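structure00.pdb follows; it contains PDB, N, CA and C atoms and all ligand atoms.
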ATOM      1  N   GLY A   1       6.342  13.792  -6.981  1.00  0.00           N
ATOM      2  CA  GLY A   1       6.491  12.984  -8.204  1.00  0.00           C
ATOM      3  C   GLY A   1       6.164  11.524  -7.937  1.00  0.00           C
ATOM      4  N   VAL A   2       6.184  10.710  -8.991  1.00  0.00           N
ATOM      5  CA  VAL A   2       5.920   9.258  -8.798  1.00  0.00           C
ATOM      6  C   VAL A   2       6.897   8.608  -7.831  1.00  0.00           C
ATOM      7  N   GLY A   3       8.130   9.074  -7.833  1.00  0.00           N
ATOM      8  CA  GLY A   3       9.105   8.472  -6.956  1.00  0.00           C
ATOM      9  C   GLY A   3       8.680   8.637  -5.526  1.00  0.00           C
ATOM     10  N   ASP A   4       8.292   9.842  -5.140  1.00  0.00           N
ATOM     11  CA  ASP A   4       7.898  10.069  -3.738  1.00  0.00           C
ATOM     12  C   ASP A   4       6.564   9.340  -3.423  1.00  0.00           C
ATOM     13  N   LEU A   5       5.712   9.190  -4.429  1.00  0.00           N
ATOM     14  CA  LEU A   5       4.409   8.468  -4.268  1.00  0.00           C
ATOM     15  C   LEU A   5       4.737   7.035  -3.841  1.00  0.00           C
ATOM     16  N   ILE A   6       5.663   6.393  -4.551  1.00  0.00           N
ATOM     17  CA  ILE A   6       6.018   5.028  -4.238  1.00  0.00           C
ATOM     18  C   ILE A   6       6.763   4.954  -2.906  1.00  0.00           C
ATOM     19  N   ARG A   7       7.635   5.925  -2.623  1.00  0.00           N
ATOM     20  CA  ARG A   7       8.251   6.019  -1.272  1.00  0.00           C
ATOM     21  C   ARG A   7       7.200   6.089  -0.181  1.00  0.00           C
ATOM     22  N   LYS A   8       6.207   6.947  -0.347  1.00  0.00           N
ATOM     23  CA  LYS A   8       5.128   7.008   0.612  1.00  0.00           C
ATOM     24  C   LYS A   8       4.350   5.723   0.695  1.00  0.00           C
ATOM     25  N   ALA A   9       4.156   5.048  -0.411  1.00  0.00           N
ATOM     26  CA  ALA A   9       3.398   3.792  -0.456  1.00  0.00           C
ATOM     27  C   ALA A   9       4.062   2.770   0.417  1.00  0.00           C
ATOM     28  N   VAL A  10       5.392   2.719   0.364  1.00  0.00           N
ATOM     29  CA  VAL A  10       6.132   1.787   1.211  1.00  0.00           C
ATOM     30  C   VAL A  10       5.850   2.149   2.656  1.00  0.00           C
ATOM     31  N   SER A  11       5.921   3.437   3.013  1.00  0.00           N
ATOM     32  CA  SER A  11       5.557   3.787   4.379  1.00  0.00           C
ATOM     33  C   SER A  11       4.168   3.357   4.804  1.00  0.00           C
ATOM     34  N   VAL A  12       3.201   3.516   3.925  1.00  0.00           N
ATOM     35  CA  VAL A  12       1.817   3.092   4.245  1.00  0.00           C
ATOM     36  C   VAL A  12       1.778   1.575   4.493  1.00  0.00           C
ATOM     37  N   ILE A  13       2.410   0.819   3.604  1.00  0.00           N
ATOM     38  CA  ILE A  13       2.407  -0.636   3.710  1.00  0.00           C
ATOM     39  C   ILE A  13       3.071  -1.037   5.054  1.00  0.00           C
ATOM     40  N   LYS A  14       4.112  -0.331   5.481  1.00  0.00           N
ATOM     41  CA  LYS A  14       4.832  -0.636   6.712  1.00  0.00           C
ATOM     42  C   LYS A  14       4.011  -0.326   7.955  1.00  0.00           C
ATOM     43  N   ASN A  15       2.919   0.460   7.776  1.00  0.00           N
ATOM     44  CA  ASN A  15       2.064   0.816   8.898  1.00  0.00           C
ATOM     45  C   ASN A  15       0.724   0.197   8.836  1.00  0.00           C
ATOM     46  N   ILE A  16       0.496  -0.664   7.830  1.00  0.00           N
ATOM     47  CA  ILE A  16      -0.844  -1.140   7.513  1.00  0.00           C
ATOM     48  C   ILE A  16      -1.305  -2.265   8.431  1.00  0.00           C
ATOM     49  N   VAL A  17      -0.366  -2.919   9.105  1.00  0.00           N
ATOM     50  CA  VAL A  17      -0.658  -3.977  10.078  1.00  0.00           C
ATOM     51  C   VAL A  17      -0.473  -3.403  11.462  1.00  0.00           C
TER
ATOM     52  N   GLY B   1     -13.045 -11.256   6.536  1.00  0.00           N
ATOM     53  CA  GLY B   1     -12.788 -10.478   7.754  1.00  0.00           C
ATOM     54  C   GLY B   1     -11.832  -9.368   7.401  1.00  0.00           C
ATOM     55  N   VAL B   2     -11.248  -8.818   8.447  1.00  0.00           N
ATOM     56  CA  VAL B   2     -10.362  -7.667   8.433  1.00  0.00           C
ATOM     57  C   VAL B   2      -9.101  -7.907   7.614  1.00  0.00           C
ATOM     58  N   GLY B   3      -8.590  -9.129   7.685  1.00  0.00           N
ATOM     59  CA  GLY B   3      -7.288  -9.381   7.061  1.00  0.00           C
ATOM     60  C   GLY B   3      -7.390  -9.264   5.566  1.00  0.00           C
ATOM     61  N   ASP B   4      -8.534  -9.709   5.019  1.00  0.00           N
ATOM     62  CA  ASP B   4      -8.722  -9.648   3.572  1.00  0.00           C
ATOM     63  C   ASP B   4      -8.745  -8.209   3.124  1.00  0.00           C
ATOM     64  N   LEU B   5      -9.297  -7.333   3.968  1.00  0.00           N
ATOM     65  CA  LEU B   5      -9.320  -5.897   3.624  1.00  0.00           C
ATOM     66  C   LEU B   5      -7.904  -5.322   3.585  1.00  0.00           C
ATOM     67  N   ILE B   6      -7.065  -5.707   4.544  1.00  0.00           N
ATOM     68  CA  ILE B   6      -5.686  -5.220   4.513  1.00  0.00           C
ATOM     69  C   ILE B   6      -4.918  -5.733   3.316  1.00  0.00           C
ATOM     70  N   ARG B   7      -5.114  -7.005   2.999  1.00  0.00           N
ATOM     71  CA  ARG B   7      -4.479  -7.573   1.806  1.00  0.00           C
ATOM     72  C   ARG B   7      -4.935  -6.924   0.544  1.00  0.00           C
ATOM     73  N   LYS B   8      -6.237  -6.637   0.435  1.00  0.00           N
ATOM     74  CA  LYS B   8      -6.767  -5.958  -0.747  1.00  0.00           C
ATOM     75  C   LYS B   8      -6.170  -4.552  -0.816  1.00  0.00           C
ATOM     76  N   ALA B   9      -6.102  -3.866   0.317  1.00  0.00           N
ATOM     77  CA  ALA B   9      -5.444  -2.560   0.333  1.00  0.00           C
ATOM     78  C   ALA B   9      -4.049  -2.545  -0.230  1.00  0.00           C
ATOM     79  N   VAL B  10      -3.262  -3.554   0.089  1.00  0.00           N
ATOM     80  CA  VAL B  10      -1.905  -3.597  -0.485  1.00  0.00           C
ATOM     81  C   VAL B  10      -2.009  -3.699  -2.029  1.00  0.00           C
ATOM     82  N   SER B  11      -2.971  -4.490  -2.563  1.00  0.00           N
ATOM     83  CA  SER B  11      -3.125  -4.590  -4.032  1.00  0.00           C
ATOM     84  C   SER B  11      -3.521  -3.240  -4.600  1.00  0.00           C
ATOM     85  N   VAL B  12      -4.356  -2.514  -3.861  1.00  0.00           N
ATOM     86  CA  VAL B  12      -4.874  -1.278  -4.338  1.00  0.00           C
ATOM     87  C   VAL B  12      -3.749  -0.299  -4.499  1.00  0.00           C
ATOM     88  N   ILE B  13      -2.883  -0.321  -3.487  1.00  0.00           N
ATOM     89  CA  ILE B  13      -1.744   0.558  -3.482  1.00  0.00           C
ATOM     90  C   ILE B  13      -0.820   0.267  -4.656  1.00  0.00           C
ATOM     91  N   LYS B  14      -0.639  -1.005  -4.935  1.00  0.00           N
ATOM     92  CA  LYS B  14       0.178  -1.428  -6.082  1.00  0.00           C
ATOM     93  C   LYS B  14      -0.373  -1.176  -7.488  1.00  0.00           C
ATOM     94  N   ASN B  15      -1.608  -0.741  -7.576  1.00  0.00           N
ATOM     95  CA  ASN B  15      -2.218  -0.373  -8.877  1.00  0.00           C
ATOM     96  C   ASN B  15      -2.495   1.099  -9.083  1.00  0.00           C
ATOM     97  N   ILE B  16      -1.872   1.943  -8.261  1.00  0.00           N
ATOM     98  CA  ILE B  16      -1.956   3.403  -8.459  1.00  0.00           C
ATOM     99  C   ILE B  16      -1.040   3.887  -9.595  1.00  0.00           C
ATOM    100  N   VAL B  17       0.193   3.466  -9.547  1.00  0.00           N
ATOM    101  CA  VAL B  17       1.188   3.813 -10.543  1.00  0.00           C
ATOM    102  C   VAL B  17       1.097   2.843 -11.733  1.00  0.00           C
TER
HETATM  103  K     K A 101      -7.056 -11.749   0.135  1.00  0.00           K
HETATM  104  K     K A 102       1.299  -0.443 -10.568  1.00  0.00           K
END
So that I can check it, write out the structure of this file as structure tokens.
Amino acid sequence: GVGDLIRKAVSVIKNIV
Amino acid sequence: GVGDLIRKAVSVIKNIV
């Protein structure tokens, strides 16, 4: 769902650097 | 350079939802 999409997005952002 | 790509990626992520 959208909730998990945004949860995953935070994970991506935390690994992006 | 590379940093602008990472910054743009964060914007991209923020415009999915
Ligand atoms: K930028
Ligand atoms: K959005």
On this structure, the PyMOL selection byres (((chain B and resi 1-10 and name CA) around 10) and not hetatm and name CA) would catch which residues? List them as a PyMOL selection string, sorted by chain and number. (chain A and resi 9-10+12-13+16-17) or (chain B and resi 11-15)
If DSSP is run on the backbone, what residues of chain A are helix (DSSP H, G or I)? A reply as a PyMOL selection string would be ideal. chain A and resi 2-15
Padded axis-aligned box of chain A (8 Å per side), centre and edge lengths, Å, one decimal, as JSON:
{"center_x": 3.9, "center_y": 4.9, "center_z": 1.2, "size_x": 26.4, "size_y": 33.8, "size_z": 36.5}
